[PDB]
Amino acid sequence: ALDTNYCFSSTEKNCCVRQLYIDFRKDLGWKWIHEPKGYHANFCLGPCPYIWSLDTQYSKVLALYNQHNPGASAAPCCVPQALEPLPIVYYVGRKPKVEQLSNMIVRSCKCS
Amino acid sequence: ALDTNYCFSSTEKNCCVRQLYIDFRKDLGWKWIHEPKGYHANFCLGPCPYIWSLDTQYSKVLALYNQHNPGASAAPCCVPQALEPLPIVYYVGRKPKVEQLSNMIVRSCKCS
Amino acid sequence: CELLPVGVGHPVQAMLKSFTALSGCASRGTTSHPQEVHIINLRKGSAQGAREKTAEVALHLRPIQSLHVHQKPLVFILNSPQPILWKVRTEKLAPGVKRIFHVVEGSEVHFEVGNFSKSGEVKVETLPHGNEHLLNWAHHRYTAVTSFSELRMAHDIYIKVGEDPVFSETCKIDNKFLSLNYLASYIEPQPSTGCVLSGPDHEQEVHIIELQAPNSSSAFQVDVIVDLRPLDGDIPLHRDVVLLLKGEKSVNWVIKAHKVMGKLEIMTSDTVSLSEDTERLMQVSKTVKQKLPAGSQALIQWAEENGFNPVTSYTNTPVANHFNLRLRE
Amino acid sequence: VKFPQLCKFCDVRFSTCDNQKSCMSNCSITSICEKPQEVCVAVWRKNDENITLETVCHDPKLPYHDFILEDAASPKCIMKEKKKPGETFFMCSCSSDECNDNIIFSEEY
Amino acid sequence: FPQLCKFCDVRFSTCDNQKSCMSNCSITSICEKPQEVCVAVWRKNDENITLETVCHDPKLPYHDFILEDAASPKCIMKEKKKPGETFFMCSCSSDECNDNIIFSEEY
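Chains as they are written, first to last, in the authors' numbering: chain A, 1 to 112; chain B, 1 to 112; chain C, 31 to 359; chain E, 45 to 153; chain D, 47 to 153.
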């Protein structure tokens, strides 16, 4: 539900999606990729408050535990919700081919 | 795989369920259920290196980025996968009722 | 798709499942007594389906949460209105422990593994129907009762054998007393409205279940059990179905599929869990948590916009917590 | 209130505290009221042989034991003595959660 | 780990009679069969400078030439005379043969 535009246009300290650029060669070592050389791979981060878009009841229970027990070292975490596929084109032998590296760019985040 | 037995028989620092006693009145502050006054919800905790049960290739991408760039603070988080409903008995008016509060016992933890 | 009552043969059957007891009490004072006594005062239900066949009631015995293995002898005063076959499906109980089942005339005790039958004993006695009279008889023949429970007639009875320290040392039948250690599970049909737009397709099917409330007085998330098994016979089937689960409140959908194969698509606005039986037997796509529309027609149109058309069937159950899905051959 | 009050809902039973300035219901049942509108209600009757204490969820609009409830919005269960013949009758009502659990016959002093 | 190899077709290289230069091949591809080794052929001539890089099985000759250098993990250019222009053939089986191109150890 929390799209990238919502947190990019307006900064929200809650669980959101933060900008981060990942290059295939230097970062991931995917030296077999032709194009793009890198891309923007936003990552989910941000503390989770009780009053926010939460789906799992366990996350709500753990958030309430933290509220009533601030020192617990166990709180719901900000993790990817919807991951966008990455369209790439490269060469197999001497034949061009276009593939879709599924779940490569973050588009949503969730507290769980 | 990363169930209660796996991480309770042997101590593993990676993503798994760890013991946690959830008390409604004291730890959770819930008083709308007569009993169980308290139960066990083993919470997900522990980081996952690159070589782990990373179902989504984006998690592998984050792990590789962190390994090559430790100063990124963008790594997969330990999240419950399958949660067991908890039976509860509570009174509404003068009528007792037994319900199943779903997704508050965490058994399987993945990384994402 | 006119909202009309759902027929018996509809592939979606909506049932409400609840664990409850008519009354009962528990006592930890039987610790001194070398033998523990549990009373299950079954009461005949209003259902007319039990006329000739002798009702056979199973039993599920487990150690209490505070105990891992139970070895003390357990006496069961299983008074019933009529003779019943007691299929004692024990569990996590040490073998060789004597288990005296005081039962009405004509009632038999059957055990899954013969070891329990060889070690156990069955005594046939005539016992009063009244709960107070039965408790007095138990006190007279044993001097104490570990627990008493008046339950309506049912097919299974989950008992957690053991003396719970929370309960006092005295047992007093209280209509407001209810505990997890002694419960009887009941399931009954619930009204629903729906339609069938397309017939059974062997390629891919779309069955939509709409839920308004899980019949819970609280405002939290509870489990909604959806069963998926062949409509006729035990022959496994290779079929693909689409499940659009709508919950106005928060409800976690637990889907259990038995003897079904193929690919299953689940779309809902609430978290979904799948039993290992469904996971191994069938390939279920990872659902994306979407703010689905509201109303039968809106959800139907949304699904048609995703290509998962035509709708095999749509059904809506205002009040229930259990669903059964049956696949036509 | 969207969430109905969580009131102690033990029916008539024997009690140990008599006309105490502050007392606790000692009720082991903390039930969600059938409706949000109804609030916690506590009644305390004293006779020549025994004393009874009853805690329930009751609608303040509807009189209880032939007595209208005007302390519905009271954050605490403020106890008013009634003119019940023969026996001594006290009754309090409160809209807070588990508020009837704590009983104050006379908070004064 | 991924193996990077030069798979550019017959192109022109600005490094003639040079000790070593960049791969001068922005195109990267994965070989059709796993056993294929990566062969670079150089035919520098006065008229023009032409080089090619492909990936193929060591057993099958390339341009009617026997590839006996496929056992070398790194691309080392062996010199063979050919009418018109000199021939320099290297074959590599190790990963990442595009790091640099070596024509002769001696400068």
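Cβ atoms here follow ideal geometry from the backbone N, Cα and C, with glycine treated the same way.
- Around the C-beta of residue 171/C, fewer than 16 other C-beta atoms lie within 10 Å, and the residue is accordingly described as exposed.
- Of the candidates 86/B, 5/B and 57/B, the residue whose Cα lies closest to the Cα of residue 22/B is 86/B.
- Closest option to residue 143/E, judged by alpha-carbon separation, among 130/E, 112/E, 100/E and 108/E: 100/E.
- Rounded to whole angstroms, residue 117/D and residue 89/A show a C-alpha spacing of 31 Å.
- Residue state for residue 52/E is assigned as strand, using DSSP reduced to three classes.
- At least one CB of chain B lies nearer than 8 Å to the CB of residue 77/A.
- Listed along the chain, the chain E residues whose CB falls inside 9 Å of the CB of residue 34/B are 72, 73, 74 and 75.
- Look at residue 28/B: its C-beta is not under 8 Å from any C-beta on chain C.
- Between residue 113/C and residue 84/C a beta carbon distance of about 6 Å is seen, short of the 8 Å cut, so the two are scored as contacting.
- Ranking 87/C, 82/C and 237/C by CA distance to the CA of residue 342/C puts 237/C first.
- Counting along the chain, residue 171/C sits inside the alpha helix (DSSP H) bounded by residues 161 to 172.
- Within the model, the alpha-carbon separation for residue 81/B versus residue 226/C is close to 34 Å.
- Counting along the chain, residue 345/C sits inside the beta strand (DSSP E) bounded by residues 343 to 349.
- Pairing residue 4/A with residue 42/A gives a Cβ-Cβ distance under 8 Å.
- Here the alpha carbon of residue 56/E sits roughly 46 Å from the alpha carbon of residue 36/C.
- With fewer than 16 other CB atoms across the displayed protein chains lying within 10 angstroms of its CB, residue 92/D is exposed.
- Per DSSP, the unbroken beta strand (DSSP E) holding residue 213/C starts and ends at 212 to 219.
- At a cut-off of 8 Å between beta-carbon atoms, residue 198/C makes no contact with chain B.
- The beta carbon of residue 107/B does not come within 8 Å of any beta carbon belonging to chain E, so the residue lies off that interface.
- Judged by DSSP in its simplified three-state form, residue 67/E adopts strand.
- Considering only beta carbons, the part of the stretch 47 to 58 of chain A lying closer than 7 Å to chain C consists of 55, 56 and 57, in chain order.
- The C-beta of residue 67/A comes no closer than 8 Å to any C-beta of chain C.
- In the DSSP assignment, the residues bridged to residue 297/C are 274/C.
- Chain order gives no chain E residues near residue 13/B, where near means a beta carbon separation below 7 Å; the closest approach is about 40 Å.
- Put simply, of 75/B, 47/B and 66/B the residue whose alpha carbon is nearest the alpha carbon of residue 18/B is 47/B.
- In this structure, 212/C is the residue among 232/C, 212/C, 203/C and 278/C with its C-alpha nearest to the C-alpha of residue 92/C.
- Separation of the CB atoms of residue 31/C and residue 265/C is rounded to 31 Å, and the pair is thereby denied contact status at 8 Å.
- The beta strand (DSSP E) runs of length 3 or more contained entirely in the stretch 221 to 264 of chain C are, from start to end of the chain, 223 to 225, 235 to 243 and 252 to 260.
- At a cut-off of 8 Å between C-beta atoms, residue 22/A counts as an interface residue with respect to chain B.
- Using a Cβ-Cβ cut-off of 8 Å, residue 100/A does not count as an interface residue toward chain C, since no Cβ of chain C sits closer than that to its own.
- When the beta-carbon positions are compared, residue 150/D and residue 84/D stay at least 8 Å from each other.
- In the displayed model, residue 99/E falls within a strand according to three-state DSSP.
- The residue from 162/C, 144/C and 139/C with its alpha-carbon nearest to that of residue 153/C is 139/C.
- Beta-bridge pairing by DSSP links residue 68/A to no other residue.
- At a cut-off of 4 residues, not a single continuous stretch assigned as alpha helix (DSSP H) sits fully inside the stretch 59 to 103 of chain A.
- When secondary structure is reduced to three states using DSSP, residue 43/C falls in the strand class.
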